[PDB]
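Following: one structure in structure tokens, then a few remarks.
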Amino acid sequence: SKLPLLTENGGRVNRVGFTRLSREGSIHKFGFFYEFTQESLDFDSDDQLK
Amino acid sequence: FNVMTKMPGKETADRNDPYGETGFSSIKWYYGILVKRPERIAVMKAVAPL
Amino acid sequence: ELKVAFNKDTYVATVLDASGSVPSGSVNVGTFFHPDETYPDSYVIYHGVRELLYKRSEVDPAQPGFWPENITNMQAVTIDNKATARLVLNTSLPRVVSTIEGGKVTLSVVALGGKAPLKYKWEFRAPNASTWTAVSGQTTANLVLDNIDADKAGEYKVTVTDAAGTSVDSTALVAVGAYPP
């Protein structure tokens with residue numbers, strides 16, 4: 001019941017439409033850290049602490 | 001498929017639209033079928049699960 | 001709704017109002033909205049009359065037809081507008097206005113069309129609320145806020161209605177920055 005059909009006598013009998021959507025995404029920030037004191041590195045038993 | 005595109009401007013601007021603010025991309029074609037031996041085309045009708 | 005009636009000989013498609021009177025020798029050919037809902041601008045009465053003439057017949061305007069016999073020659077047809085025009089708001093309110101306390105913001109609108117008596121009424125929405133409070137006084141085409149303070153910020157809307165009921169609307173946001181109280 002909706003197939004486009006065209007007579008030989010001209011047209012303007014089948015016009016269509018189009019639509020477009022949008023997708024989104026967001027960013028975020030992360031981080032962390034630790035403290036330390038020279039001694040803890042040059043007096044600790046392990047040499048490769050850092 | 002024959003597709004005719006008339007971009008707005010100095011192409012689709014007649015005395016009924018002297019500014020040229022309209023375009024189109026009509027695509028028309030011809031299709032026909034001939035069932036030489038219909039007895040070799042079988043269908044089966046049955047319901048489908050939900 | 002604009003009722004169009006078209007004549008066979010003079011090729012005059014008188015675009016009367018909805019409650020009009022089709023003149024002698026003309027036949028009703030359809031009805032379309034001039035302020036088209038989904039596209040208010042970009043459409044003109046000339047466009048409405050064309051599509052209505054694209055369903056008629058060249059042999060006879062009544063007894064509708066189509067492309068091989070329709071009346072496509074818009075050059076010969078004369079559109080004699082006899083109906084009220086739109087209530088076009090020539091200059092609408094600025095979308096956003098910036099001011100400092102003590103300043104002055106004069107919002108303005110110019111209206112053209114409709115019936116002769118144009119009614120102007122203003123409205124104010126609180127800057128975070130959702131209901132539209134009704135601005136007392138006003139009843140004019142230009143609202144003037146003087147010595148504007150941080151309490152008077154928000155959205156101000158004017159609605160221009162004529163003697164028929166074809167109201168056109170326009171809004172403006174007034175953000176008046178100030179030191180916090």
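Please note that chains go A, B, ... in the order of the structure tokens, that every chain numbers its residues from 1, and that ligands are numbered from 1 in the order shown.
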
Query raised in the report: Which polymer residues have any atom within 12 Å of an atom of region 49-66 of chain C, counting only C-alpha atoms, with same-chain residues fewer than 6 positions away left out, as number ranges by chain?
Result: A: 7, 9-13; B: 16-17; C: 2-9, 11-16, 25-34, 43, 72-81

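Residue neighbourhood of residue 29 (chain B), excluding near-sequence residues (fewer than 5 positions): residues 4, 5, 6, 7 and 8 of chain A; 1, 2, 3 and 4 of chain B, at 12 Å, using only C-alpha atoms.
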
List every residue of chain B that has an atom at most 12 Å from any atom of chain A, giving for each one its closest atom pair and the distance in Å to one decimal, counting only C-alpha atoms, sorted by chain and then by ascending residue number, as a tab-separated table.
residue	atom	partner	partner_atom	distance
B:24	CA	A:15	CA	9.6
B:25	CA	A:15	CA	10.2
B:26	CA	A:15	CA	8.8
B:27	CA	A:14	CA	10.2
B:28	CA	A:6	CA	8.2
B:29	CA	A:6	CA	9.4
B:30	CA	A:6	CA	9.9
B:31	CA	A:5	CA	11.0

Hey, what does DSSP flag as helix (DSSP H, G or I) within chain A? Can you give it to me as a short mmCIF file (atom, residue, chain, number, x, y, z; two decimals) with N, CA and C atoms, in the first residue's frame?
data_model
loop_
_atom_site.label_atom_id
_atom_site.label_comp_id
_atom_site.auth_asym_id
_atom_site.auth_seq_id
_atom_site.Cartn_x
_atom_site.Cartn_y
_atom_site.Cartn_z
N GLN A 38 63.61 12.20 52.01
CA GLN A 38 64.96 11.74 51.58
C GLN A 38 65.41 10.54 52.43
N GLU A 39 65.58 10.75 53.74
CA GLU A 39 66.04 9.66 54.63
C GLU A 39 65.40 8.34 54.19
N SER A 40 64.08 8.29 54.15
CA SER A 40 63.36 7.04 53.81
C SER A 40 63.99 6.36 52.59
N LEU A 41 64.76 7.10 51.79
CA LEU A 41 65.32 6.51 50.55
C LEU A 41 66.82 6.22 50.76
N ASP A 42 67.52 7.04 51.55
CA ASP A 42 68.96 6.81 51.67
C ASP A 42 69.34 6.19 53.01
#

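Taking CA of residue 159 (chain C) and CA of residue 90 (chain C) as the two end points, the separation is 13.7 Å.
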
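The space separating CA of residue 39 (chain C) from CA of residue 161 (chain C) comes to 20.1 Å.
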
Query raised in the report: Looking at only C-alpha atoms, which of C:181, C:113, C:68, C:94 is the one that sits closest to chain A?
Result: C:68

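With only C-alpha atoms as the atoms that count, the residue of C:114, C:127, C:165, C:154 with the shortest distance to residue 83 (chain C) is C:114.
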
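Note that CA of residue 123 (chain C) and CA of residue 167 (chain C) are 13.9 Å apart.
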
Requested in this report: Compile the contact shell of residue 102 (chain C) as a ChimeraX atom specification: residues with an atom at most 9 Å away, counting only C-alpha atoms, same-chain residues fewer than 5 positions apart removed.
Outcome: /C:146-149

Query raised in the report: Could you pull out the strand (DSSP E or B) residues of chain B from DSSP and send them as a PyMOL selection string?
Result: chain B and resi 2-3+27-28
